[PDB]
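> Sending over a structure as structure tokens; questions will come in a sec.
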Amino acid sequence: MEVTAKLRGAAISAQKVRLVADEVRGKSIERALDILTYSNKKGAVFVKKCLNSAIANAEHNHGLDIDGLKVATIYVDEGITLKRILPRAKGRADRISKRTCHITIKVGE
RNA sequence: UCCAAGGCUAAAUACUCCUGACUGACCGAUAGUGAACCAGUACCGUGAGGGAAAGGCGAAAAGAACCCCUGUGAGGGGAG
């Protein structure tokens with residue numbers, strides 16, 4: 001089986017979290033946690049939180065051995081965008097997209 | 001053919017801010033009132049004035065006790 005965690009609504013662009021996700025996809029839980037704890041990217045704190053939640057789900061709700069677990073699948077999806085107005089010169093306005101993202105992690109043997 | 005320089009006179013005619021009953025080969029949320037929603041509101045304008053967007057869990061809240069990750073967060077996974 002595959003155990004899931006979801007981190008819907010992280011205040012960050014999915015394009016940014018995707019670089020973090022690409023490096024932990026398919027790795028063992030230990031190696032992936034190392035990569036996430038020593039990354040300098042903001043998206044790594046979100047990916048690490050979601051991965052830790054998925055590991056705890058697999059250990060508590062399903063009684064799996066987290067020693068044989070691995071990041072079976074991970075992907076980031078776009079969340080809801082907050083729309084803000086940015087004033088510019090000469091009385092002109094721009095729209096600002098404050099993008100959010102959904103992180104889905106599934107761990108399994 | 002009819003008697004101005006005195007006055008009057010109902011009905012059949014015009015209408016709908018409204019009340020009641022009833023109707024529709026009228027609309028069904030970008031439609032139909034601008035407005036189904038705390039709308040002539042928010043917002044814009046010194047002002048006269050202009051003028052939006054925005055409905056729906058389920059039959060019944062039975063709206064998820066409790067456990068786990070997390071920062072007593074967000075979010076989720078179980079349980080129900």
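Residue numbers start at 1 in each chain; chains themselves are named A, B, ... in the order of the structure tokens; ligands are numbered from 1 in the order shown.
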For residue 56 (chain A), please output as an MDAnalysis selection string all residues within 10 Å (counting only C-alpha atoms (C1' of nucleotides); exclusion window: fewer than 4 positions along the same chain).
(chainID A and resid 3 5 50:52 60:64 66) or (chainID B and resid 68:69 77)
> Which of chain A counts as strand (DSSP E or B) under DSSP, as a ChimeraX atom specification please?
/A:2-10,28,70-78,82-87,93-98,101-108
> Could you please determine the separation between CA of residue 48 (chain A) and CA of residue 36 (chain A) in Å, to one decimal place?
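Distance between the two atoms: 5.8 Å.
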> Here is a test: counting only C-alpha atoms (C1' of nucleotides), which residue of B:6, B:75, B:63, B:56 is nearest to residue 104 (chain A)?
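Selected residue with least distance to residue 104 (chain A): B:75.
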> Restricting the calculation to only C-alpha atoms (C1' of nucleotides), which member of A:108, A:43, A:26, A:9 is positioned closest to chain B?
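Smallest distance to chain B is found for A:9.
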> Which neighbours of residue 72 (chain A) fall inside 12 Å, counting only C-alpha atoms (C1' of nucleotides), when residues of the same chain fewer than 6 positions from it are skipped, and could you give them as a ChimeraX atom specification?
/A:1-5,21,24-29,32,51,54-55,104-109
> From the options A:86, A:67, A:57, A:96, which residue's atoms come nearest to residue 67 (chain B), counting only C-alpha atoms (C1' of nucleotides)?
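Among the listed residues, the smallest separation from residue 67 (chain B) belongs to A:57.
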> Would you mind listing what lies within 12 Å of residue 29 (chain B) as a PyMOL selection string, with only C-alpha atoms (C1' of nucleotides) counted and same-chain residues fewer than 5 positions away left out?
chain B and resi 36-37+54-56
> Just asking: which residues within region 24-109 of chain A are helix (DSSP H, G or I) according to DSSP, as an NGL selection string?
:A and (24 or 29-38 or 42-60 or 89-91)
> Would you export the selected residues with N, CA and C atoms as a compact mmCIF listing (two decimals), in the first residue's frame, please?

# COMPACT_ATOMS: atom_id res chain seq x y z
N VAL A 24 13.69 14.67 -4.01
CA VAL A 24 13.31 13.66 -3.05
C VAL A 24 12.42 12.59 -3.65
N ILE A 29 13.25 7.21 2.76
CA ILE A 29 12.77 8.21 3.71
C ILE A 29 13.94 8.91 4.38
N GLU A 30 14.99 8.16 4.71
CA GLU A 30 16.12 8.74 5.42
C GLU A 30 16.89 9.72 4.54
N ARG A 31 17.23 9.29 3.32
CA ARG A 31 17.94 10.15 2.39
C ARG A 31 17.14 11.40 2.07
N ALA A 32 15.83 11.23 1.85
CA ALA A 32 14.98 12.37 1.54
C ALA A 32 14.91 13.34 2.71
N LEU A 33 14.82 12.82 3.93
CA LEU A 33 14.80 13.71 5.08
C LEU A 33 16.11 14.47 5.23
N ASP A 34 17.24 13.82 4.94
CA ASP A 34 18.53 14.51 4.95
C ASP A 34 18.54 15.66 3.94
N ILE A 35 18.14 15.37 2.71
CA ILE A 35 18.09 16.39 1.66
C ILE A 35 17.22 17.56 2.10
N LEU A 36 16.08 17.27 2.70
CA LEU A 36 15.16 18.33 3.08
C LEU A 36 15.68 19.14 4.26
N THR A 37 16.31 18.50 5.24
CA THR A 37 16.77 19.27 6.39
C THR A 37 17.98 20.13 6.05
N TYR A 38 18.74 19.79 5.02
CA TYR A 38 19.90 20.61 4.69
C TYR A 38 19.73 21.44 3.42
N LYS A 42 12.99 27.44 0.68
CA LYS A 42 11.79 27.53 1.51
C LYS A 42 10.85 26.35 1.27
N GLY A 43 10.74 25.89 0.03
CA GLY A 43 9.87 24.77 -0.28
C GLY A 43 10.24 23.50 0.44
N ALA A 44 11.49 23.38 0.89
CA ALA A 44 11.92 22.19 1.60
C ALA A 44 11.28 22.08 2.98
N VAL A 45 10.98 23.20 3.65
CA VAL A 45 10.32 23.07 4.95
C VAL A 45 8.91 22.50 4.77
N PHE A 46 8.21 22.90 3.71
CA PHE A 46 6.89 22.36 3.43
C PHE A 46 6.96 20.89 3.03
N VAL A 47 7.91 20.55 2.15
CA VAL A 47 8.02 19.16 1.73
C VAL A 47 8.42 18.29 2.91
N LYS A 48 9.28 18.79 3.79
CA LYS A 48 9.68 18.02 4.96
C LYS A 48 8.52 17.83 5.92
N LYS A 49 7.71 18.86 6.15
CA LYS A 49 6.55 18.72 7.02
C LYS A 49 5.56 17.70 6.47
N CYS A 50 5.27 17.77 5.17
CA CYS A 50 4.34 16.82 4.57
C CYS A 50 4.90 15.40 4.60
N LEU A 51 6.20 15.24 4.35
CA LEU A 51 6.83 13.93 4.40
C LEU A 51 6.80 13.36 5.81
N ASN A 52 7.08 14.18 6.82
CA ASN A 52 7.02 13.73 8.20
C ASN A 52 5.61 13.31 8.57
N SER A 53 4.61 14.07 8.12
CA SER A 53 3.23 13.69 8.38
C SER A 53 2.88 12.36 7.72
N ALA A 54 3.34 12.15 6.48
CA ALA A 54 3.07 10.89 5.80
C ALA A 54 3.75 9.72 6.50
N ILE A 55 4.98 9.92 6.98
CA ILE A 55 5.67 8.87 7.72
C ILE A 55 4.91 8.53 8.99
N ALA A 56 4.46 9.55 9.72
CA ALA A 56 3.69 9.31 10.93
C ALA A 56 2.37 8.61 10.62
N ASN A 57 1.73 8.96 9.51
CA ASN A 57 0.53 8.25 9.09
C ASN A 57 0.82 6.78 8.83
N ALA A 58 1.91 6.49 8.12
CA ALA A 58 2.26 5.11 7.81
C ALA A 58 2.65 4.33 9.04
N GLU A 59 3.14 5.00 10.08
CA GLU A 59 3.55 4.30 11.28
C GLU A 59 2.42 4.14 12.29
N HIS A 60 1.47 5.06 12.32
CA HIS A 60 0.41 5.06 13.32
C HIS A 60 -0.92 4.53 12.79
N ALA A 89 3.85 53.41 -11.60
CA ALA A 89 3.98 54.82 -11.94
C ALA A 89 2.80 55.27 -12.80
N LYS A 90 2.58 56.59 -12.81
CA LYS A 90 1.60 57.24 -13.69
C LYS A 90 0.18 56.75 -13.44
N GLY A 91 -0.16 56.41 -12.20
CA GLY A 91 -1.50 55.99 -11.86
C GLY A 91 -1.96 54.66 -12.43
> Report, in Å to a single decimal, how far apart CA of residue 6 (chain A) and CA of residue 65 (chain A) are.
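Separation of CA of residue 65 (chain A) and CA of residue 6 (chain A): 20.5 Å.
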